[PDB]
Amino acid sequence: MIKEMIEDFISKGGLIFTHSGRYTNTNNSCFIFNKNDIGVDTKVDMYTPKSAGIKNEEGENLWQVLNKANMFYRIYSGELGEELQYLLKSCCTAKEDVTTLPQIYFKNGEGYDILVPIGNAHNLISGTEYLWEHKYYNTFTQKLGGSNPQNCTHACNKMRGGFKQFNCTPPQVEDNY
Amino acid sequence: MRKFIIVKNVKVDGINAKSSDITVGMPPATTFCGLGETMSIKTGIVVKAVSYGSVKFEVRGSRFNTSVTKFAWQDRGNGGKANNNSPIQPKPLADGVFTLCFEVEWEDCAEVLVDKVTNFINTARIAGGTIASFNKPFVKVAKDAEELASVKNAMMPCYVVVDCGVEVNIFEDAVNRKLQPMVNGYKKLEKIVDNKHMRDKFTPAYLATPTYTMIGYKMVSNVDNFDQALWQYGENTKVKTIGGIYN
Amino acid sequence: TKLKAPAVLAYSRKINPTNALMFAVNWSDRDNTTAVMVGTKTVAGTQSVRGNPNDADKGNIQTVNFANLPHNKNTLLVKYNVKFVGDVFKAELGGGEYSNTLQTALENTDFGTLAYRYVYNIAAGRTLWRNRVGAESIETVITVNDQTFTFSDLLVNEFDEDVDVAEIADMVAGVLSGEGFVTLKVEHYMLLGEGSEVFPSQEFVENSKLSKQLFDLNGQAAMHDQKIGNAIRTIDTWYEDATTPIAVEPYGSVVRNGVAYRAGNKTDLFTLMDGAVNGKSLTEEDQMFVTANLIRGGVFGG
Amino acid sequence: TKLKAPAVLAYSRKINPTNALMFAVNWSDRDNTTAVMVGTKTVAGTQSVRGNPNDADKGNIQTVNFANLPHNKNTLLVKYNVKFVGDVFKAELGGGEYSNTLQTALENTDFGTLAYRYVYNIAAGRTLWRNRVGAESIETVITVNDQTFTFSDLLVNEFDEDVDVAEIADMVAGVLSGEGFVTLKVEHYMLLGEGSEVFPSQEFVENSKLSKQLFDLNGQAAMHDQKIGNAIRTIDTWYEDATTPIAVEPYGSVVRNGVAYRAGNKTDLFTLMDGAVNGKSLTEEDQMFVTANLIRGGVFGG
DNA sequence: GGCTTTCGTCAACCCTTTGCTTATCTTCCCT
């Protein structure tokens with residue numbers, strides 16, 4: 001069931017987000033749902049304390065069912081009901097914490113803004129799925145939560161093999177020339 | 001009429017290779033633009049653009065995994081757990097020998113400009129890495145375009161960063177056209193209402209998600225226009241090249 | 001009354017060492033620097049894990065990165081620089097109330113002993129853990145502000161008094177207690193012997209190919225910079241039941257040995273830091289410990 | 001009440017041999033040393049294999065690295081440097097409780113017998129593994145601290161008492177029971193005969209393309225340090241039904257015979273160090289086995 | 001009334017194994 005799951009999520013801490021500083025630091029717990037970047041194939045992350053939640057008859061938590069066949073966009077555009085839109089949006093909140101997060105200065109013209117860079121969840125999940133699908137092996141793989149990533153993030157709880165990030169090494173200069 | 005100061009062979013180790021969540025490796029142009037505005041603050045020489053190239057760069061780790069850092073128990077209140085190993089948050093480290101070239105405008109002799117840049121670099125930190133060594137910086141000027149290329153070829157040997165733009169998104173074209181992605185800036189999500197836990201209480205703060213552009217590495221001599229390698233702070237809370245998209 | 005600490009108070013690292021490039025030289029020609037190359041060998045042995053008597057009988061094959069001296073050079077040279085940076089009390093994330101009252105309780109830190117133990121950890125060869133043993137003769141050459149010193153025999157587990165390390169410590173304590181920076185270019189000449197195996201930094205990396213993967217820099221054996229930073233700050237002989245110097249940690253915690261010597265007995269960095277801020281008369285040795293933590297830096301969550 | 005071992009309790013190795021370069025000399029011209037080159041020869045024979053007798057008539061072409069003495073020098077020389085380091089009880093990764101109680105339970109260990117068997121394994125030529133067969137005389141020159149020690153005829157399966165191996169082993173046991181280090185510059189002169197084929201270590205290779213690939217250092221035939229270290233610690237005559245000395249493993253396990261001489265019958269090393277830590281008095285050769293494991297090194301936890 | 005310590009709570013993977021680029025060079029001319 002799906003409503004059962006959305007409410008299982010809500011009895012708990014109940015956060016649905018597209019960006020978070022939880023990937024940068026597991027002690028951080030800042031979860032941000034941006035509205036503008038939600039599209040047809042936008043992967044969407046969610047947080048529960050210790051990734052809690054019941055499974056269905058096929059053994060999947062809410063993170064699997066909300067992320068295949070564009071189900072989160074289907075609930076987001078209300079093809080399955082406007083009261084479900086409400087349930088989804090009740091979990092879609094912006095919780096903020098700046099501790100254990102990077103804080104840099106970016107020039108905004110005759111002044112600076114303290115930007116706190118938090119990582120995009122759609123980038124992590126969709127990039128891991130795509131670069132494993134499209135055989136792109138110029139990459140690093142990192143398990144984010146540590147030994148037991150369920151305290152981090154539902155995607156870190158389920159994708160235990162590690163997230164794919166880009167190997168951004170430049171070409172070297174050969175010294176003997 | 002353009003003026004540059006070049007610091008060649010900037011051996012830096014301990015570089016925070018975590019450029020973003022999905023990019024680990026060479027520090028992006030936001031890092032070197034931040035280094036440029038850092039000297040605009042400490043030394044007072046106001047910097048328009050920085051062209052940076054990689055002589056050497058190795059991410060610490062294997063070809064598929066980075067070497068994680070053994071964390072130290074430095075938070076408050078978790079004594080008693082300090083005997084066990086500290087939990088590791090992901091921060092890859094790297095070493096890199098760089099060549100930096102700062103567009104500056106200066107009105108004094110080149111010796112005091114070199115001394116000011118040297119005194120900055122002796123107290124600087126490239127991407128969170130201690131600057132292990134660096135050659136004596138030298139001043140070169142770009143009066144014309146041939147002189148611009150003289151400055152360009154004075155960074156030999158280094159692989160500078162040229163912007164090649166975003167067609168659809170980052171993953172698609174990184175597989176298709178095989179270019180490298182890096183942070184060209186950030187996107188502001190929400191205003192931050194709590195300035196207590198920040199560096200300044202008066203500087204306005206935003207949560208950010210890093211936007212990326214797609215870039216290529218070309219040797220500085222093989223770059224036709226040096227403006228396509230000089231990154232500078234654009235007015236879209238991003239950074240950009242002076243020459244635009246490399247073609 | 002009761003000035004609380006900032007939640008995310010942070011300090012920058014003030015002892016910044018570089019990566020220790022390992023070269024191969026002779027005791028005769030110490031100018032014949034030759035990059036000790038990280039080689040890769042494959043190892044046949046017996047698997048002997050605590051719970052493996054059933055599989056003890058079978059073999060165990062591991063590919064391991066090794067680093068040995070070549071058989072024509074008997075001396076391991078270690079290259080790094082150490083940059084001591086001033087402004088050790090300028091917090092970059094903590095506010096100007098707790099950190100400044102922290103600072104003004106710490107001018108009475110005797111920086112001379114801190115600098116003496118830092119330069120003695122540099123000079124005695126503490127940054128050379130498993131290859132300072134088995135060395136026939138160590139020799140540390142420290143070059144700073146175009147002036148050069150040499151140390152032959154310094155015992156590493158205690159800080160005995162010599163005028164040369166104290167003479168370097170004068171300018172190091174002048175930088176640390178004051179402003180600016182100072183840089184010591186360190187040359188370790190370690191007479192290990194002909195073809196003796198050297199010990200670079202091993203990496204904390206998930207590697208399917210290499211069971212043991214060493215740290216290389218262009219293939220050349222090298223040691224991690226934070227490893228040498230842990231070596232230089234290994235000055236803490238002031239914890240409870242102090243026998244050997246441990247690294248300056250906020251909790252005095254060697255997770256390598258599984259023991260935290262300053263945790264739970266009210267002598268960690270945070271209790272002494274709150275005592276220094278809130279006007280409690282801090283001891284000289286606790287003062288030097290808090291100052292050494294501020295020199296090391298760190299973020300302090302709470 | 002039971003003191004469990006630390007999960008990451010590990011001991012560094014204390015016998016550190018170098019890679020043993022092989023040269024060619026004469027029994028008289030030991031000053032004329034020419035490096036034994038590793039050549040590569042393509043060799044055709046029968047298919048053999050225990051199964052598949054249908055393809056017995058087909059040939060078998062394998063390319064094999066060989067190492068032979070030249071036909072002008074009849075003596076194989078093997079050079080290596082054994083570094084016995086001390087502090088064998090300080091675990092580098094487990095220092096604390098268990099490790100230190102093992103130390104106090106192993107203070108009265110007969111280090112003289114362990115050092116005697118180590119120096120005898122160096123002196124009798126056991127580090128030569130398959131080179132010894134066909135050698136008419138094996139003369140070992142061990143130079144300790146500028147101390148030439150000549151050995152001519154020592155049987156290998158038993159440790160018969162002599163005065164020169166014991167003379168070296170006095171200060172080797174002084175190093176092992178105490179601190180410091182000692183270096184043994186070992187040369188093996190073996191009258192193998194004119195043009196005799198010598199047997200270096202062979203690399204483990206999975207990419208194949210060459211059936212036997214010998215260990216080489218710049219082309220010169222050499223032996224792996226691990227093989228020499230296995231032969232030095234081949235001192236274990238204290239297992240159940242002990243007939244020949246075996247190498248010291250935690251499980252008493254050699255992998256050619258596919259057995260474990262000390263697993264499954266409560267004299268593997270983990271049970272003995274658990275007994276010695278928990279106040280169960282070991283016998284003398286039991287303590288010598290546990291201390292020989294600590295001298296060998298390894299990791300004992302989990 | 002927080003507050004700091006330690007113990008209990010909640011989990012579960014599908015992996016792949018080098019190039020990225022690839023270096024700053026002589027015609028006229030007259031002194």
# chains A, B, ... in the order shown; residues from 1 in each chain; ligands from 1

$ calpha_fit_rmsd --fixed "chain C" --moving "chain D"
0.7 Å

$ interface_residues --of "chain A" --to "chain B" --cutoff "8 Å" --atoms "only C-alpha atoms" --output "JSON, numbers by chain"
{"A": [19, 23, 24, 25, 26, 34, 98, 99, 103, 105, 106, 107, 108, 109, 112, 113, 114, 115, 116, 117, 118, 119, 120, 123, 124, 127, 130, 131, 134, 136, 139, 140, 141, 142, 144, 145, 146, 164, 165, 166, 167, 168, 169, 170, 171, 172, 173]}

$ residues_around --residues "residue E:15" --least-positions-apart "4" --cutoff "12 Å" --atoms "only C-alpha atoms (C1' of nucleotides)" --output "ChimeraX atom specification"
/A:128-129,131-133,135,137,141,159-162,164

$ write_last_selection --atoms "N, CA and C atoms" --output "PDB file, in the first residue's frame"
ATOM      1  N   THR A 128      24.255   7.456  -9.968  1.00  0.00           N
ATOM      2  CA  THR A 128      24.682   6.087  -9.713  1.00  0.00           C
ATOM      3  C   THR A 128      23.962   5.112 -10.633  1.00  0.00           C
ATOM      4  N   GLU A 129      22.638   5.272 -10.770  1.00  0.00           N
ATOM      5  CA  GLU A 129      21.859   4.397 -11.642  1.00  0.00           C
ATOM      6  C   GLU A 129      22.249   4.556 -13.109  1.00  0.00           C
ATOM      7  N   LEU A 131      25.182   5.957 -14.490  1.00  0.00           N
ATOM      8  CA  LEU A 131      26.561   5.623 -14.805  1.00  0.00           C
ATOM      9  C   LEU A 131      26.860   4.151 -14.568  1.00  0.00           C
ATOM     10  N   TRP A 132      26.052   3.453 -13.767  1.00  0.00           N
ATOM     11  CA  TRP A 132      26.109   2.001 -13.810  1.00  0.00           C
ATOM     12  C   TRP A 132      25.368   1.451 -15.020  1.00  0.00           C
ATOM     13  N   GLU A 133      24.318   2.141 -15.473  1.00  0.00           N
ATOM     14  CA  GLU A 133      23.582   1.695 -16.648  1.00  0.00           C
ATOM     15  C   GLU A 133      24.338   1.982 -17.941  1.00  0.00           C
ATOM     16  N   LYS A 135      27.548   2.373 -18.391  1.00  0.00           N
ATOM     17  CA  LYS A 135      28.897   1.793 -18.368  1.00  0.00           C
ATOM     18  C   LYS A 135      29.997   2.850 -18.295  1.00  0.00           C
ATOM     19  N   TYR A 137      32.832   4.222 -16.363  1.00  0.00           N
ATOM     20  CA  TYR A 137      33.709   3.665 -15.340  1.00  0.00           C
ATOM     21  C   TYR A 137      34.853   4.607 -14.990  1.00  0.00           C
ATOM     22  N   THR A 141      33.546   5.266  -6.204  1.00  0.00           N
ATOM     23  CA  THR A 141      32.385   4.729  -5.509  1.00  0.00           C
ATOM     24  C   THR A 141      32.581   4.915  -4.013  1.00  0.00           C
ATOM     25  N   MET A 159      20.831   1.577  -1.246  1.00  0.00           N
ATOM     26  CA  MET A 159      21.983   1.433  -2.139  1.00  0.00           C
ATOM     27  C   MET A 159      23.244   1.330  -1.284  1.00  0.00           C
ATOM     28  N   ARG A 160      23.468   0.128  -0.754  1.00  0.00           N
ATOM     29  CA  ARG A 160      24.614  -0.147   0.103  1.00  0.00           C
ATOM     30  C   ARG A 160      25.911  -0.301  -0.672  1.00  0.00           C
ATOM     31  N   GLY A 161      25.844  -0.451  -1.993  1.00  0.00           N
ATOM     32  CA  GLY A 161      27.047  -0.611  -2.788  1.00  0.00           C
ATOM     33  C   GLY A 161      27.859   0.652  -2.954  1.00  0.00           C
ATOM     34  N   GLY A 162      27.317   1.790  -2.565  1.00  0.00           N
ATOM     35  CA  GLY A 162      28.023   3.045  -2.664  1.00  0.00           C
ATOM     36  C   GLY A 162      27.505   3.879  -3.819  1.00  0.00           C
ATOM     37  N   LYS A 164      28.010   6.568  -6.933  1.00  0.00           N
ATOM     38  CA  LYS A 164      28.947   6.858  -8.008  1.00  0.00           C
ATOM     39  C   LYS A 164      29.191   8.359  -8.051  1.00  0.00           C
TER      40      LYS A 164
END

$ residues_around --residues "residue B:114" --least-positions-apart "2" --cutoff "8 Å" --atoms "only C-alpha atoms (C1' of nucleotides)" --output "PDB file with C-alpha atoms, in the first residue's frame"
ATOM      1  CA  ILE B   5      51.371  37.210 -12.122  1.00  0.00           C
ATOM      2  CA  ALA B 110      56.791  44.106  -9.965  1.00  0.00           C
ATOM      3  CA  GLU B 111      59.018  43.262  -6.976  1.00  0.00           C
ATOM      4  CA  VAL B 112      56.484  44.345  -4.355  1.00  0.00           C
ATOM      5  CA  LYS B 116      52.833  40.371  -1.814  1.00  0.00           C
ATOM      6  CA  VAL B 117      51.751  37.293  -3.781  1.00  0.00           C
ATOM      7  CA  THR B 118      54.552  35.258  -2.165  1.00  0.00           C
ATOM      8  CA  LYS B 136      59.015  32.405  -7.271  1.00  0.00           C
ATOM      9  CA  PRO B 137      56.055  34.099  -9.002  1.00  0.00           C
ATOM     10  CA  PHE B 138      56.845  36.208 -12.036  1.00  0.00           C
ATOM     11  CA  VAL B 139      54.932  39.105 -13.557  1.00  0.00           C
TER      12      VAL B 139
END

$ interface_residues --of "chain C" --to "chain E" --cutoff "10 Å" --atoms "only C-alpha atoms (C1' of nucleotides)" --output "ChimeraX atom specification"
/C:208-209,264

$ residues_around --residues "residue D:103" --least-positions-apart "6" --cutoff "12 Å" --atoms "only C-alpha atoms (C1' of nucleotides)" --output "list in words"
residues 87, 88, 89, 90, 91, 95, 96, 97, 109, 177, 178, 273, 276, 277, 287, 290, 291 and 294 of chain D

$ write_last_selection --atoms "N, CA and C atoms" --output "compact mmCIF listing (two decimals), in the first residue's frame"
# COMPACT_ATOMS: atom_id res chain seq x y z
N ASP D 87 61.92 -4.83 21.04
CA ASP D 87 60.54 -4.50 21.44
C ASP D 87 59.50 -5.42 20.81
N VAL D 88 59.66 -6.73 20.99
CA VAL D 88 58.76 -7.70 20.35
C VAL D 88 57.41 -7.81 21.04
N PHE D 89 57.25 -7.15 22.17
CA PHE D 89 56.01 -7.27 22.92
C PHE D 89 55.11 -6.05 22.79
N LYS D 90 55.65 -4.95 22.26
CA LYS D 90 54.83 -3.76 22.10
C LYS D 90 54.04 -3.90 20.81
N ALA D 91 52.76 -4.23 20.94
CA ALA D 91 51.88 -4.28 19.78
C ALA D 91 51.63 -2.88 19.26
N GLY D 95 48.50 -2.15 21.78
CA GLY D 95 49.13 -1.79 23.04
C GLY D 95 48.13 -1.44 24.12
N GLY D 96 48.02 -2.29 25.13
CA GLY D 96 47.06 -2.05 26.19
C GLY D 96 46.50 -3.35 26.71
N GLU D 97 46.31 -3.45 28.03
CA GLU D 97 45.76 -4.66 28.66
C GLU D 97 46.28 -5.96 28.08
N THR D 109 60.49 -15.97 29.15
CA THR D 109 60.65 -16.83 27.99
C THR D 109 62.13 -17.03 27.67
N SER D 177 64.87 -9.87 23.55
CA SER D 177 64.31 -9.72 24.89
C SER D 177 64.31 -8.28 25.36
N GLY D 178 65.12 -7.43 24.74
CA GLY D 178 65.18 -6.03 25.12
C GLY D 178 64.77 -5.09 24.01
N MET D 273 47.74 -17.61 23.80
CA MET D 273 47.84 -16.25 24.31
C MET D 273 46.61 -15.87 25.12
N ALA D 276 47.56 -17.49 28.44
CA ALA D 276 48.63 -16.77 29.11
C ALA D 276 48.18 -15.41 29.62
N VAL D 277 47.27 -14.75 28.90
CA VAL D 277 46.71 -13.49 29.38
C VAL D 277 45.79 -13.73 30.57
N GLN D 287 55.53 -20.85 25.66
CA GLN D 287 55.88 -19.43 25.69
C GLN D 287 56.83 -19.08 24.55
N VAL D 290 54.66 -18.72 21.42
CA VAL D 290 53.91 -17.47 21.41
C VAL D 290 54.83 -16.28 21.15
N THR D 291 56.01 -16.28 21.78
CA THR D 291 56.97 -15.21 21.55
C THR D 291 57.56 -15.26 20.14
N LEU D 294 55.07 -13.54 18.08
CA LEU D 294 55.16 -12.09 18.24
C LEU D 294 56.39 -11.52 17.54

$ interface_residues --of "chain B" --to "chain C" --cutoff "6 Å" --atoms "only C-alpha atoms" --output "count of residues only"
14

$ residues_around --residues "residue A:69" --least-positions-apart "4" --cutoff "10 Å" --atoms "only C-alpha atoms (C1' of nucleotides)" --output "list in words"
residues 40, 41, 65, 73 and 74 of chain A

$ closest_residue --among "D:136, D:236, D:179, D:158" --to "chain C" --atoms "only C-alpha atoms"
D:179

$ residues_around --residues "residue D:150" --least-positions-apart "3" --cutoff "9 Å" --atoms "only C-alpha atoms (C1' of nucleotides)" --output "ChimeraX atom specification"
/D:123,139-143,164

$ closest_residue --among "B:184, B:225, B:9, B:78" --to "chain E" --atoms "only C-alpha atoms (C1' of nucleotides)"
B:78

$ interface_residues --of "chain C" --to "chain D" --cutoff "8 Å" --atoms "only C-alpha atoms" --output "list in words"
residues 41, 42, 43, 44, 45, 46, 48, 49, 50, 51, 53, 54, 56, 57, 58, 59, 133, 134, 193, 194, 195, 196, 197, 256, 257, 258 and 259 of chain C

$ closest_atom_pairs --of "chain E" --to "chain B" --cutoff "9 Å" --atoms "only C-alpha atoms (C1' of nucleotides)" --output "tab-separated table"
residue	atom	partner	partner_atom	distance
E:4	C1'	B:77	CA	7.7
E:5	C1'	B:80	CA	8.4
E:6	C1'	B:80	CA	8.9
E:16	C1'	B:64	CA	8.2
E:17	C1'	B:63	CA	7.5
E:18	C1'	B:63	CA	8.7
E:20	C1'	B:217	CA	7.4
E:21	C1'	B:218	CA	6.3
E:22	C1'	B:219	CA	8.6
E:23	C1'	B:157	CA	6.3
E:24	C1'	B:153	CA	5.0

$ select_by_dssp --residues "stretch 139-264 of chain C" --states "strand (DSSP E or B)" --output "compact mmCIF listing (two decimals) with C-alpha atoms, in the first residue's frame"
# COMPACT_ATOMS: atom_id res chain seq x y z
CA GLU C 139 70.60 12.19 10.86
CA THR C 140 68.12 15.06 10.68
CA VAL C 141 69.07 18.18 8.72
CA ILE C 142 66.75 21.13 9.39
CA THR C 143 67.07 24.16 7.11
CA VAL C 144 65.28 27.35 8.14
CA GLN C 147 70.58 28.37 8.15
CA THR C 148 71.12 24.65 8.65
CA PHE C 149 71.33 22.30 11.65
CA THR C 150 72.18 18.62 12.01
CA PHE C 151 71.07 16.13 14.69
CA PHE C 181 55.03 31.86 9.72
CA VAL C 182 58.21 29.80 9.76
CA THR C 183 59.18 26.82 7.62
CA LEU C 184 61.63 24.03 8.45
CA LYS C 185 62.82 21.97 5.49
CA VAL C 186 63.60 18.57 7.01
CA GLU C 187 66.06 16.04 5.57
CA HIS C 188 66.03 12.63 7.25
CA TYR C 189 69.08 10.46 6.49
CA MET C 190 68.37 7.01 7.92
CA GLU C 197 62.38 -2.20 3.35
CA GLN C 202 49.55 2.95 3.90
CA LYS C 212 47.88 -3.42 1.11
CA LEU C 214 50.85 2.25 -0.09
CA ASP C 216 52.73 7.09 -3.73
CA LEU C 217 53.33 10.40 -5.33
CA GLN C 220 57.46 7.54 -5.45
CA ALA C 221 56.94 6.34 -1.98
CA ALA C 222 55.62 9.07 0.20
CA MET C 223 54.04 9.55 3.60
CA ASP C 236 51.32 15.01 25.25
CA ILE C 246 50.71 10.57 22.79
CA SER C 253 42.61 9.40 22.24
CA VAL C 254 44.78 6.95 20.35
CA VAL C 259 42.58 3.79 24.59
CA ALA C 260 41.62 7.42 25.30

$ atom_distance --atom1 "atom CA of residue A:1" --atom2 "atom CA of residue A:31"
25.5 Å

$ closest_residue --among "A:52, A:152, A:66, A:125" --to "chain E" --atoms "only C-alpha atoms (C1' of nucleotides)"
A:52
